[PDB]
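Values reported hereafter were calculated over all heavy atoms of this structure, with side chains retained and with hydrogens, waters and symmetry mates removed. Each chain gets a letter, A, B and so on, in the order the sequences are listed, and its residues count up from 1. Every number for a ligand or one of its atoms is a count from 1 in the order of the listing.
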Amino acid sequence: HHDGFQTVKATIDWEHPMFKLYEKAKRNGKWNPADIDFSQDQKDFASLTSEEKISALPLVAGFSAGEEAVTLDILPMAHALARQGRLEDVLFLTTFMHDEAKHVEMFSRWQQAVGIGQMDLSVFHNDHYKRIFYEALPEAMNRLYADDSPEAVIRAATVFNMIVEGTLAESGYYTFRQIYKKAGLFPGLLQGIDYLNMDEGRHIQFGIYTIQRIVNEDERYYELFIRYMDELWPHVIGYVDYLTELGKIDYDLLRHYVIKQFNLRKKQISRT
Amino acid sequence: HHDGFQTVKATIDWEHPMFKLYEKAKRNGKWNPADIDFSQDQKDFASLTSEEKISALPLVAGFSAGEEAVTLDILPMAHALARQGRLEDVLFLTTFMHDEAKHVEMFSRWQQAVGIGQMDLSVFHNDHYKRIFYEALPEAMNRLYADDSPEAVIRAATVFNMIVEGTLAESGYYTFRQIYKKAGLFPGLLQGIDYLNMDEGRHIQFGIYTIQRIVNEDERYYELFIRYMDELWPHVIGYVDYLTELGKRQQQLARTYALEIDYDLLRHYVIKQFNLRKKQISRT
Ligand SMILES: CCCCCCCCCCCCCCCC(=O)O
Ligand SMILES: CCCCCCCCCCCCCCCC(=O)O
Ligand SMILES: [Fe+2]
Ligand SMILES: [Fe+2]
Ligand SMILES: [Fe+2]
Ligand SMILES: [Fe+2]
Ligand SMILES: [Mn+2]
Ligand SMILES: [Mn+2]
C-alpha cells in the first residue's frame, strides 16, 4: 500500500543529486538509434574476409548480451529504491533504463544491418563471461526484491555499475575505438558507441552516489565494496584474456586499460 | 539466471507491436517539463481569490498522487514481462516509465511555481480515491512478483491502464480543458496536460495490447476483464461524485469566469470513457 505521496504532501526534492542527474539525462540523452545510418557498416562488413568478420563478433556478442542484461537487471534496483521512498533516484533510473533500451536496440540494429542477426553469437561467451552476466549480475540485482540491506545494495551497485559498466563496458568502448576508428570501419556503430559512452557516464555517477552514501554510514561497508570488486576481478580478467587470445592492435595496451578502469573505480569510492 | 539473450541468439523482433510503440514513443515523447514556462500560471494563481484558488486543487491533488503512483507501480509489470522474455514489451515500458517520471515532475513543478508546494493536498483524496490509488493499484501490480498468471496480468492492466489511465486520467484531462482552457488560465499547466495526454495514448495502447493478447489465448479471460472493470466502477464514480460535490460547493471560479461548468456532462464523459475502454477489448 502507498502511505501517501511525496508530490502531494510536498514536492520533488529539487536539489537532490539524483534529481540533478535526471535533469542532465533529459537534456543530454536525446539520441535515437533508429536515426543511425548503418548502410556503410554493412558494406564495410562485407568487404572483410571471413576471418576478419569473425574477429569482430566476440566484442559485439559481449556488448549485445551485456546491454540486454542491464536493461532487465536494473528493475530490482528501481524497485528497491522506490520502496525506500527515494523518489528522485527512481526518476533518474527511468532515464537509466531507457538509455539501456537504446543501447540494446543499437547493437541489435547493427547486427541486423550487417547481416549477422540470424547468427547465434552466444558461442563467444566463455565461462567467465557467463559467471558475470548470466549469473552474478542477475543474482545480485534480484536479491534486492527480498533483501534491500546496505550490504545487498552495495553489492548490487558494485557488480552492476562498477564492474559491468565501469570496468568491462568502459574498456569495451575504448577497445572498439582503438581498433575500428583506426581501421576506418563501422562509422555507424562508432557513432552509436559515442552516444552510449555519454549516457554511461551518468550511470556510473549513480553507482558512485549509491555506494558512497551507504559507505558514509559505516566504514565497514567500504571494505565490503573492495572485497566484492576483488571477488569479480578473476572473471573480468578471465573474459579479457579470452578475447585477447581470440584476437590472435596492441592487446597489452587494452589489457592494461581494463586494469586501469578497475583500479579507477575503486578509487572513486572513499573510505571516509 | 539468464538462459541466454535474444539479441545474441537473434535480434529484436522488429515487427512486434510493442517495438513499434517503443519507436513511436521515442519519436513523439521529446518534451521536457523543465522547459515549460509557468510564470503566467504563478500570476494567474495569485490573482485568484482564496475561494477560486481552492477550486483547482482537488484535481491537481488527484493527478499528482496518480502520476507518482503509476511511476512506482509500473515496475512490477516490467519485471513480470521481462521474466517472461518479452523483450520488446520491456523496451516499450522504459518509455512508459520515463513518461510517468515527466508527468510526476510536471505537476510538482506547477505546485512549486504557483506557491502550494508546501501545502499538503492529501485532504482531497477521499475513501474511494484511496481504495484505487493507495490500495487496489499497488496490490494488483505487486501481485505480479509472485503470480504472473494470465488472470493476474489482466487484472493489473485493467486497474492500471483501463481504469486509472483510460477512465480516470482521460476524464481528468477533459475536465481540465473544459474548465481552465475556457477560462484562459494556467497556460503552462495546460501545455503540460497536452503533452501528457499524448504520452498516455501509448500507455492505454499497451494496456489494450496486453489484455487482448491474453484474451486471444483463452476467451474466458474476456469475462474476467469485464468483471474487474465493473468491480472498480463504484470507486471511479465515488471519486467523481466527490469532486463534483466539491466543485458545486465552490462555484466562484465558474461564476467569475462565466463557465457553465456542466458536471453532468463531465460525469457522462467518465461513463463514456469506461464503456469505451470495454469496447476496445473483444472476445475473439
Ligand atoms: C581485449 C580488451 C578487452 C575489453 C573488454 C570488452 C568487454 C565487452 C563489454 C560488454 C559489457 C557491456 C555491459 C553493459 C553495461 C551498460 O551498458 O550499462
Ligand atoms: C468532475 C469530473 C471528474 C474527472 C475525473 C478526475 C480524475 C483525476 C485524475 C487522477 C488520475 C491520474 C492517474 C495518472 C495515470 C497516468 O498518467 O499514467
Ligand atoms: Fe549503463
Ligand atoms: Fe578461466
Ligand atoms: Fe500512464
Ligand atoms: Fe462513498
Ligand atoms: Mn548501456
Ligand atoms: Mn502519466
Side-chain angles (χ1 to χ4, degrees), chain A residues 58-71 74 96 99-100 103-104 107 126-129 131-133 137 160-161 163-176 178-179 196-197 199-200 203-204 234-244 246-247 249 251 253-255 257-258 261, chain B residues 58-71 74 96 99-100 103-104 107 129 132-133 137 160-161 164-176 178-179 196-197 199-200 203-204 236 239-247 261 263 265-267 269-270 273:
Chain A
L59 280 173
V60 174
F63 264 105
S64 280
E67 303 296 342
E68 191 166 329
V70 293
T71 299
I74 192 64
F96 190 128
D99 289 345
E100 305 299 8
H103 304 174
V104 181
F107 289 107
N126 75 332
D127 57 337
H128 295 293
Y129 186 93
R131 177 62 217 169
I132 297 173
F133 288 93
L137 175 67
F160 194 125
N161 304 104
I163 294 293
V164 165
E165 300 183 321
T167 302
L168 283 166
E170 195 64 32
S171 298
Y173 316 146
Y174 182 71
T175 293
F176 227 80
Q178 282 298 302
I179 301 182
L196 181 154
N197 200 168
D199 293 337
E200 292 295 330
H203 300 192
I204 297 162
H235 299 304
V236 171
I237 197 65
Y239 176 57
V240 169
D241 289 342
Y242 164 78
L243 292 180
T244 295
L246 282 179
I249 302 183
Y251 286 96
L253 181 70
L254 304 171
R255 187 163 190 288
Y257 192 86
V258 179
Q261 296 320 116
Chain B
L59 278 171
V60 171
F63 266 106
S64 275
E67 300 298 343
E68 194 170 324
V70 291
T71 298
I74 190 69
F96 192 125
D99 290 345
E100 303 303 8
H103 299 176
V104 173
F107 285 110
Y129 189 91
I132 294 170
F133 287 94
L137 175 65
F160 196 128
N161 307 111
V164 163
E165 297 177 325
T167 304
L168 285 165
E170 204 60 54
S171 301
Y173 313 144
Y174 183 69
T175 301
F176 223 82
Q178 283 290 316
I179 299 179
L196 185 154
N197 197 167
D199 296 335
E200 293 292 327
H203 300 191
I204 297 162
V236 173
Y239 175 59
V240 167
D241 286 338
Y242 165 75
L243 293 177
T244 292
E245 201 270 14
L246 286 177
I261 296 180
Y263 292 102
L265 167 93
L266 300 175
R267 196 156 181 293
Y269 192 89
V270 179
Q273 288 309 121

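The two atoms that bring A/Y239 and A/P58 nearest to each other are OH-O, 3.8 Å, heavy atoms only.
The atoms of ligand 2 that sit less than 4.0 Å from any heavy atom of B/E100 are 16 (C), 17 (O), 18 (O). In the vicinity of A/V164, heavy-atom distances shorter than 4.0 Å reach the ligand 1 atoms 13 (C), 15 (C). Distances below 4.0 Å separate heavy atoms of A/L254 from the following atoms of ligand 1: 2 (C). Near A/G66, with a cut-off below 4.0 Å to any heavy atom, the atoms of ligand 1 are 12 (C), 13 (C), 14 (C). Near A/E165, with a cut-off below 4.0 Å to any heavy atom, the atoms of ligand 1 are 15 (C), 16 (C), 18 (O). Each of the following atoms of ligand 1 lies closer than 4.0 Å to a heavy atom of A/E200: 16 (C), 17 (O), 18 (O).
Taking 4.5 Å as the limit, some side-chain heavy atom of A/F107 sits within range of a side-chain heavy atom of A/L196. Counting heavy atoms from C-beta outward, A/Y242 and A/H128 have side chains that stay 4.5 Å or more apart. Inter-residue side-chain proximity for A/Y174 and A/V258 is flagged as unmet; no heavy-atom pair is nearer than 4.5 Å. A 4.5 Å side-chain heavy-atom check between B/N197 and B/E170 finds at least one atom pair inside the cut-off.
Regarding atom 12 (C) of ligand 2, its nearest protein heavy-atom neighbour is B/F63 CD2, 3.7 Å. Residue, atom and distance of the protein heavy atom nearest to atom 10 (C) of ligand 2 are B/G62 O, 3.4 Å. Here the protein heavy atom with the shortest distance to atom 4 (C) of ligand 1 is A/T175 OG1, 3.5 Å. What sits closest to atom 14 (C) of ligand 2 on the protein, heavy atoms only, is B/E67 OE2, 3.4 Å.
Two rings, from A/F63 and A/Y173, have their centers less than 6.0 Å apart. Ring centroids of B/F160 and B/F96 are separated by less than 6.0 Å, placing the two rings close together.
Note that the OH atom of A/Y251 and the CG atom of A/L246 stand 9.0 Å from one another [nearest 0.5 Å].
The side chain of A/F133, and not its backbone, has at least one atom closer than 4.0 Å to an atom of ligand 1 (non-hydrogen atoms only; side chain from C-beta on). Only side-chain heavy atoms of A/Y239 come within less than 4.0 Å of ligand 1; its backbone N, CA, C and O stay farther off. Contacts between A/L59 and ligand 1 below 4.0 angstrom, taking non-hydrogen atoms only, involve the side chain exclusively. Contacts of A/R255 with ligand 1, taken as heavy-atom pairs under 4.0 Å, are absent altogether.
Closest heavy-atom approach to atom 5 (C) of ligand 1 among the candidates A/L168, A/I132, A/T167, A/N161: A/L168. The option from B/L246, B/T244, B/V60, B/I261 that lies nearest to atom 1 (C) of ligand 2, judged by heavy atoms, is B/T244.
Looking at B/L265, B/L59, B/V240 one by one, the single match for side-chain contact (heavy atoms from CB on, under 4.5 Å) with B/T175 turns out to be B/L59. Checked options A/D99, A/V164, A/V70, A/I74; the residue passing with A/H203 is A/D99 (criterion: side-chain contact (heavy atoms from CB on, under 4.5 Å)).
Panel note: side chain A/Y129, backbone A/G62; a donor-acceptor pair is recorded below 3.5 Å.
Below 3.5 Å of separation, one finds no N or O of B/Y129 facing any N or O of ligand 2. For ligand 2, the polar-atom distance check against B/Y263 finds no nitrogen or oxygen pair separated by under 3.5 Å.
The environment of CZ in B/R267 is sparse: at most 12 heavy-atom neighbours from other residues, nucleotides or ligands sit within 6.0 Å.
The atom of A/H128 that is an N, O or S and sits closest to the Fe ion (ligand 4) is NE2.
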